[PDB]
Amino acid sequence: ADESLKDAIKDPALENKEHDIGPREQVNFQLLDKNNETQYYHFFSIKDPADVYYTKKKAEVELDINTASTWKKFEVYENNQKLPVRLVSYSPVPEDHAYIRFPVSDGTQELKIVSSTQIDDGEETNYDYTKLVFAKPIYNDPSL
């Protein structure tokens, strides 16, 4: 029952919450467009490497979105299951930053992000298929 990142970032509880409690790690991500093409000059939305909040049940990756005001939808899917990415915190317009997190079992290292952003520049950025291969496999720590 997810919604639109543009109509969800407007919340008082997710306007400035401390999205950093418990354990956490750093995981980069490989951006590819069905052509193994890594665009290292398009850092307009994401900025730092995806984070990994390993909990007691399953691992929890995290990705900050600078242009949260440009995101409209989002349906990441790996193998054959679209994980419902949710939101944990989002900075207000002046800060423009949305925080989303999703579980990743089996050391998931590749997921097809599905979303479409628009900045009123010219056309519409529709990511029909975004191959994001994590820098490493995300394996939860049931024993640590």
# chains A, B, ... in the order shown; residues from 1 in each chain; ligands from 1
$ select_by_dssp --residues "chain A" --states "strand (DSSP E or B)" --output "ChimeraX atom specification"
/A:26-27,29-32,50-52,60-65,76-78,81-83,86-91,97-103,110-117,125-134
$ residues_around --residues "residue 107 in chain A" --least-positions-apart "4" --cutoff "7 Å" --atoms "only C-alpha atoms" --output "list in words"
residues 137, 138 and 139 of chain A
$ residues_around --residues "residue 129 in chain A" --least-positions-apart "6" --cutoff "12 Å" --atoms "only C-alpha atoms" --output "MDAnalysis selection string"
chainID A and resid 31:35 74:78 111:116
$ select_by_dssp --residues "chain A" --states "helix (DSSP H, G or I)" --output "list in words"
residues 5, 6, 7, 8, 68, 69 and 70 of chain A
$ write_last_selection --atoms "N, CA, C and O atoms" --output "mmCIF file, in the first residue's frame"
data_model
loop_
_atom_site.group_PDB
_atom_site.id
_atom_site.type_symbol
_atom_site.label_atom_id
_atom_site.label_comp_id
_atom_site.auth_asym_id
_atom_site.auth_seq_id
_atom_site.Cartn_x
_atom_site.Cartn_y
_atom_site.Cartn_z
ATOM 1 N N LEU A 5 6.325 9.265 -3.431
ATOM 2 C CA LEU A 5 7.353 9.945 -2.592
ATOM 3 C C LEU A 5 7.070 11.449 -2.527
ATOM 4 O O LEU A 5 7.416 12.114 -1.570
ATOM 5 N N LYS A 6 6.445 11.988 -3.537
ATOM 6 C CA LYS A 6 6.140 13.446 -3.536
ATOM 7 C C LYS A 6 4.970 13.741 -2.596
ATOM 8 O O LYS A 6 4.921 14.771 -1.953
ATOM 9 N N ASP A 7 4.026 12.846 -2.513
ATOM 10 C CA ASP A 7 2.857 13.077 -1.616
ATOM 11 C C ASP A 7 3.067 12.383 -0.263
ATOM 12 O O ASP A 7 2.153 12.267 0.529
ATOM 13 N N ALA A 8 4.258 11.923 0.010
ATOM 14 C CA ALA A 8 4.514 11.243 1.313
ATOM 15 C C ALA A 8 5.540 12.037 2.128
ATOM 16 O O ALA A 8 5.518 12.034 3.344
ATOM 17 N N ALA A 68 14.390 14.844 -3.475
ATOM 18 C CA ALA A 68 13.155 14.100 -3.093
ATOM 19 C C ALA A 68 11.924 14.743 -3.738
ATOM 20 O O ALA A 68 10.929 14.091 -3.987
ATOM 21 N N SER A 69 11.982 16.019 -4.007
ATOM 22 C CA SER A 69 10.813 16.705 -4.633
ATOM 23 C C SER A 69 10.637 16.265 -6.092
ATOM 24 O O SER A 69 9.644 16.570 -6.721
ATOM 25 N N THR A 70 11.588 15.555 -6.638
ATOM 26 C CA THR A 70 11.460 15.110 -8.057
ATOM 27 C C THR A 70 11.000 13.649 -8.127
ATOM 28 O O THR A 70 10.578 13.176 -9.162
#
$ residues_around --residues "range 81-96 of chain A" --least-positions-apart "5" --cutoff "7 Å" --atoms "only C-alpha atoms" --output "list in words"
residues 2, 9, 14, 15, 16, 17, 19, 66, 67, 68, 69, 75, 76, 101 and 102 of chain A
$ residues_around --residues "residue 48 in chain A" --least-positions-apart "5" --cutoff "9 Å" --atoms "only C-alpha atoms" --output "list in words"
residues 26, 28, 63 and 64 of chain A
$ write_last_selection --atoms "C-alpha atoms" --output "compact mmCIF listing (two decimals), in the first residue's frame"
# COMPACT_ATOMS: atom_id res chain seq x y z
CA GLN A 26 28.18 1.81 4.10
CA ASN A 28 27.94 1.78 -2.62
CA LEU A 63 19.53 5.58 0.37
CA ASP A 64 19.28 9.38 0.70
$ closest_residue --among "A:79, A:27, A:55, A:50" --to "residue 131 in chain A" --atoms "only C-alpha atoms"
A:79
$ closest_residue --among "A:135, A:46, A:52, A:1" --to "residue 21 in chain A" --atoms "only C-alpha atoms"
A:52
$ atom_distance --atom1 "CA of residue 36 in chain A" --atom2 "CA of residue 121 in chain A"
25.7 Å
$ atom_distance --atom1 "CA of residue 40 in chain A" --atom2 "CA of residue 20 in chain A"
26.9 Å
$ atom_distance --atom1 "CA of residue 4 in chain A" --atom2 "CA of residue 106 in chain A"
27.9 Å
$ decode --residues "range 30-65 of chain A" --atoms "N, CA, C and O atoms" --output "JSON list (two decimals), in the first residue's frame"
[["chain", "number", "residue", "atom", "x", "y", "z"],
["A", 30, "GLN", "N", 26.10, 0.29, -7.99],
["A", 30, "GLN", "CA", 26.50, 0.49, -9.41],
["A", 30, "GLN", "C", 25.28, 0.88, -10.25],
["A", 30, "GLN", "O", 24.36, 0.10, -10.43],
["A", 31, "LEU", "N", 25.27, 2.08, -10.77],
["A", 31, "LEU", "CA", 24.11, 2.52, -11.60],
["A", 31, "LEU", "C", 24.32, 2.10, -13.06],
["A", 31, "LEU", "O", 25.29, 2.45, -13.69],
["A", 32, "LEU", "N", 23.40, 1.34, -13.60],
["A", 32, "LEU", "CA", 23.54, 0.89, -15.01],
["A", 32, "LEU", "C", 22.20, 1.01, -15.74],
["A", 32, "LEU", "O", 21.15, 0.83, -15.15],
["A", 33, "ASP", "N", 22.22, 1.32, -17.01],
["A", 33, "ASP", "CA", 20.95, 1.46, -17.76],
["A", 33, "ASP", "C", 20.82, 0.37, -18.83],
["A", 33, "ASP", "O", 20.90, 0.63, -20.01],
["A", 34, "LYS", "N", 20.62, -0.85, -18.42],
["A", 34, "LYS", "CA", 20.48, -1.96, -19.41],
["A", 34, "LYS", "C", 21.63, -1.91, -20.42],
["A", 34, "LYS", "O", 21.51, -2.39, -21.53],
["A", 35, "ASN", "N", 22.75, -1.35, -20.05],
["A", 35, "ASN", "CA", 23.90, -1.28, -21.00],
["A", 35, "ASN", "C", 25.22, -1.21, -20.22],
["A", 35, "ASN", "O", 26.22, -0.77, -20.73],
["A", 36, "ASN", "N", 25.22, -1.64, -18.99],
["A", 36, "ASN", "CA", 26.47, -1.60, -18.19],
["A", 36, "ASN", "C", 27.11, -0.22, -18.27],
["A", 36, "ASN", "O", 28.31, -0.07, -18.12],
["A", 37, "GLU", "N", 26.33, 0.80, -18.51],
["A", 37, "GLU", "CA", 26.90, 2.17, -18.60],
["A", 37, "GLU", "C", 26.84, 2.86, -17.24],
["A", 37, "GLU", "O", 25.77, 3.20, -16.75],
["A", 38, "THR", "N", 27.96, 3.07, -16.61],
["A", 38, "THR", "CA", 27.96, 3.73, -15.28],
["A", 38, "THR", "C", 28.11, 5.25, -15.44],
["A", 38, "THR", "O", 29.17, 5.75, -15.77],
["A", 39, "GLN", "N", 27.06, 5.99, -15.20],
["A", 39, "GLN", "CA", 27.14, 7.47, -15.34],
["A", 39, "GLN", "C", 27.68, 8.08, -14.04],
["A", 39, "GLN", "O", 26.95, 8.32, -13.10],
["A", 40, "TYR", "N", 28.96, 8.34, -13.98],
["A", 40, "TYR", "CA", 29.55, 8.94, -12.75],
["A", 40, "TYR", "C", 29.41, 10.47, -12.76],
["A", 40, "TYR", "O", 29.99, 11.16, -11.95],
["A", 41, "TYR", "N", 28.65, 11.01, -13.68],
["A", 41, "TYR", "CA", 28.49, 12.49, -13.74],
["A", 41, "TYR", "C", 27.01, 12.86, -13.63],
["A", 41, "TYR", "O", 26.58, 13.89, -14.10],
["A", 42, "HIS", "N", 26.23, 12.02, -13.00],
["A", 42, "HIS", "CA", 24.77, 12.32, -12.86],
["A", 42, "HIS", "C", 24.37, 12.30, -11.38],
["A", 42, "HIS", "O", 23.27, 11.93, -11.03],
["A", 43, "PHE", "N", 25.25, 12.70, -10.51],
["A", 43, "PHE", "CA", 24.92, 12.71, -9.05],
["A", 43, "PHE", "C", 23.94, 13.85, -8.74],
["A", 43, "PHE", "O", 24.30, 14.83, -8.12],
["A", 44, "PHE", "N", 22.72, 13.72, -9.17],
["A", 44, "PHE", "CA", 21.72, 14.80, -8.91],
["A", 44, "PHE", "C", 20.74, 14.36, -7.81],
["A", 44, "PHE", "O", 20.25, 15.17, -7.05],
["A", 45, "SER", "N", 20.46, 13.09, -7.73],
["A", 45, "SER", "CA", 19.51, 12.60, -6.68],
["A", 45, "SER", "C", 20.28, 12.01, -5.50],
["A", 45, "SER", "O", 20.45, 12.64, -4.48],
["A", 46, "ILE", "N", 20.76, 10.80, -5.63],
["A", 46, "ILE", "CA", 21.52, 10.17, -4.51],
["A", 46, "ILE", "C", 22.85, 10.90, -4.31],
["A", 46, "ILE", "O", 23.30, 11.63, -5.17],
["A", 47, "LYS", "N", 23.47, 10.72, -3.18],
["A", 47, "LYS", "CA", 24.77, 11.41, -2.93],
["A", 47, "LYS", "C", 25.78, 10.45, -2.30],
["A", 47, "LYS", "O", 26.81, 10.15, -2.87],
["A", 48, "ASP", "N", 25.51, 9.97, -1.11],
["A", 48, "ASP", "CA", 26.45, 9.04, -0.45],
["A", 48, "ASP", "C", 26.10, 7.59, -0.79],
["A", 48, "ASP", "O", 25.10, 7.33, -1.44],
["A", 49, "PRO", "N", 26.93, 6.69, -0.34],
["A", 49, "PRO", "CA", 26.70, 5.25, -0.60],
["A", 49, "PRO", "C", 25.54, 4.73, 0.24],
["A", 49, "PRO", "O", 25.36, 5.12, 1.38],
["A", 50, "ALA", "N", 24.75, 3.85, -0.31],
["A", 50, "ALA", "CA", 23.59, 3.30, 0.46],
["A", 50, "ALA", "C", 24.05, 2.81, 1.84],
["A", 50, "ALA", "O", 25.12, 2.26, 1.99],
["A", 51, "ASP", "N", 23.24, 3.01, 2.84],
["A", 51, "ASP", "CA", 23.62, 2.56, 4.21],
["A", 51, "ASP", "C", 23.01, 1.18, 4.48],
["A", 51, "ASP", "O", 22.20, 0.69, 3.72],
["A", 52, "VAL", "N", 23.40, 0.55, 5.56],
["A", 52, "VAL", "CA", 22.84, -0.80, 5.86],
["A", 52, "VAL", "C", 22.51, -0.93, 7.35],
["A", 52, "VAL", "O", 23.37, -1.20, 8.16],
["A", 53, "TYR", "N", 21.27, -0.74, 7.70],
["A", 53, "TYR", "CA", 20.88, -0.87, 9.14],
["A", 53, "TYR", "C", 20.56, -2.33, 9.45],
["A", 53, "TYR", "O", 19.42, -2.75, 9.41],
["A", 54, "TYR", "N", 21.56, -3.12, 9.75],
["A", 54, "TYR", "CA", 21.31, -4.56, 10.05],
["A", 54, "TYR", "C", 20.54, -4.71, 11.36],
["A", 54, "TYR", "O", 21.01, -4.35, 12.42],
["A", 55, "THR", "N", 19.35, -5.25, 11.30],
["A", 55, "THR", "CA", 18.54, -5.42, 12.54],
["A", 55, "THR", "C", 18.60, -6.89, 13.00],
["A", 55, "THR", "O", 19.43, -7.65, 12.55],
["A", 56, "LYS", "N", 17.72, -7.28, 13.88],
["A", 56, "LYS", "CA", 17.72, -8.69, 14.36],
["A", 56, "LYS", "C", 16.93, -9.58, 13.40],
["A", 56, "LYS", "O", 17.16, -10.77, 13.31],
["A", 57, "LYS", "N", 16.01, -9.02, 12.67],
["A", 57, "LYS", "CA", 15.20, -9.84, 11.72],
["A", 57, "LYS", "C", 15.90, -9.90, 10.36],
["A", 57, "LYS", "O", 16.41, -10.93, 9.96],
["A", 58, "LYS", "N", 15.92, -8.81, 9.64],
["A", 58, "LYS", "CA", 16.59, -8.81, 8.30],
["A", 58, "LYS", "C", 17.41, -7.53, 8.12],
["A", 58, "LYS", "O", 17.24, -6.57, 8.85],
["A", 59, "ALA", "N", 18.29, -7.51, 7.16],
["A", 59, "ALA", "CA", 19.12, -6.29, 6.94],
["A", 59, "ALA", "C", 18.24, -5.15, 6.42],
["A", 59, "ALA", "O", 17.20, -5.38, 5.83],
["A", 60, "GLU", "N", 18.64, -3.93, 6.63],
["A", 60, "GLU", "CA", 17.82, -2.78, 6.14],
["A", 60, "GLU", "C", 18.71, -1.76, 5.43],
["A", 60, "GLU", "O", 19.35, -0.94, 6.05],
["A", 61, "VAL", "N", 18.74, -1.80, 4.12],
["A", 61, "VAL", "CA", 19.57, -0.82, 3.37],
["A", 61, "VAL", "C", 18.92, 0.56, 3.40],
["A", 61, "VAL", "O", 17.75, 0.70, 3.68],
["A", 62, "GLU", "N", 19.67, 1.59, 3.10],
["A", 62, "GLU", "CA", 19.09, 2.96, 3.12],
["A", 62, "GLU", "C", 19.73, 3.83, 2.03],
["A", 62, "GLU", "O", 20.91, 3.71, 1.74],
["A", 63, "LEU", "N", 18.97, 4.70, 1.43],
["A", 63, "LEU", "CA", 19.53, 5.58, 0.37],
["A", 63, "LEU", "C", 18.95, 6.99, 0.49],
["A", 63, "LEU", "O", 17.75, 7.17, 0.51],
["A", 64, "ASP", "N", 19.79, 7.98, 0.57],
["A", 64, "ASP", "CA", 19.28, 9.38, 0.70],
["A", 64, "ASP", "C", 18.98, 9.97, -0.68],
["A", 64, "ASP", "O", 19.73, 9.81, -1.62],
["A", 65, "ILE", "N", 17.88, 10.66, -0.81],
["A", 65, "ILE", "CA", 17.52, 11.26, -2.13],
["A", 65, "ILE", "C", 17.55, 12.79, -2.02],
["A", 65, "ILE", "O", 16.67, 13.40, -1.45]]
